[PDB]
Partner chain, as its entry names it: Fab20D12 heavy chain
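Shown here is one chain on its own, the form deposited without its partner chain, set out as C-alpha cells.
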C-alpha cells in the first residue's frame, strides 16, 4: 500500500496473507469458513512451491495468539484467466480445514447484487504490499481509504484506454494506492467486499493510472460453483 497508514491490529478479521514458501506473496480475503478469495496471477509460476494462508495476522513475523497458518487443499483459478490479461483475475483457495473463527478471524460478507459501486464511494483496501518505490515491505498490515472512480473516466485514453470492462472497477490512485504484494486483497465498501485487487503489473500512486479491482458481484455464480 502506498500513501496509507498502519492498520488497527485485527480490525479486519477477514484479511488473509497468501504465502509461498513461507513468505507473503499476495493478499486474500476469507469469504467462507474454508475459503479464501485472491487473484489468479498470484498462482502463476508457483507450481511445486508451497502455498499457505495466514489468518488472524497483523504482523507477518511476530507471534500473535490469533495467528494461524493454514495449508491449502485446492487452488482454483478462474477458468478464463490468462497470463497476459487482467480479466477474470480471481483465485479460490480451499483451506486444509475450516478456519477457527473468533474476534480476529471471520469471513466478510460479499456483494452478490451485480450493480456498480457509486463513483466517489470511499472504500478500504488493506495489504502487506510494498510501501515505496524502493520496494520496502512492511511487517504489519497497512490500509488506505480510496474513492471509487467512474468507469468512463477510468477508460479514457490517458488512463486505462478501454481496458475496464463491466466486470472491473477503479479507484483513485493519487499518492494513495494499492501496489505490488497487495494483489488479491480486498476492496471493502460499507462493510461489504466489492472488489479484489488485480495482480497485473501497474504503476502505483500515479493519479493517471487508477487502481483496478475485480468486481466480486460479477463472479457470484463462479464463487458459488467452486464452493459447491
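Positions refer to the first chain, counted from 1. Throughout, rigid core stands for the largest set of C-alpha atoms superposing within 1.5 Å between the two forms.
- The higher RMS C-alpha distance to the shown form in 7 other deposited structures of this protein, out of 200-208 and 15-23, belongs to 200-208, with every structure fitted on the core.
- Taken in 7 other deposited structures of this protein and fitted on the core, 191-199 and 56-64 differ in how far their Cα atoms move from the shown form, and the one that moves more is 191-199.
- Taking the PDB entry as given, 159-167 carries the higher mean Cα B factor of the two stretches 189-197 and 159-167.
- Look at the C-alpha B-factors of 81-89 and of 134-142. On average they run higher in 81-89.
- For the set 24, 12, 209, 215, the maximum C-alpha B-factor listed in the entry falls on 209.
- Residue-level temperature factors show residue 33 in the middle third of its chain, judged at the C-alpha atom.
- Among the modelled residues of the chain, residue 220 sits in the middle third by CA temperature factor in this PDB entry.
- Per the deposited record, the Cα B-factor of residue 51 falls in the middle third when ranked against the other modelled residues of its chain.
- Sort the chain's modelled residues by C-alpha temperature factor and residue 125 lands in the lowest third, per the entry.
- Sort the chain's modelled residues by C-alpha temperature factor and residue 60 lands in the middle third, per the entry.
Not pictured, yet referred to below: the form deposited with its partner chain bound.
- Residues with any non-hydrogen atom within 4.5 angstroms of its partner chain in the entry with it bound fall in just one of 52-60, 156-164, 173-181, 37-45: 156-164.
- The closest heavy atom approach of residue 139 to its partner chain in the entry with it bound falls outside 4.5 Å.
- In the entry with it bound, its partner chain sits within 4.5 Å of a heavy atom of residue 150.
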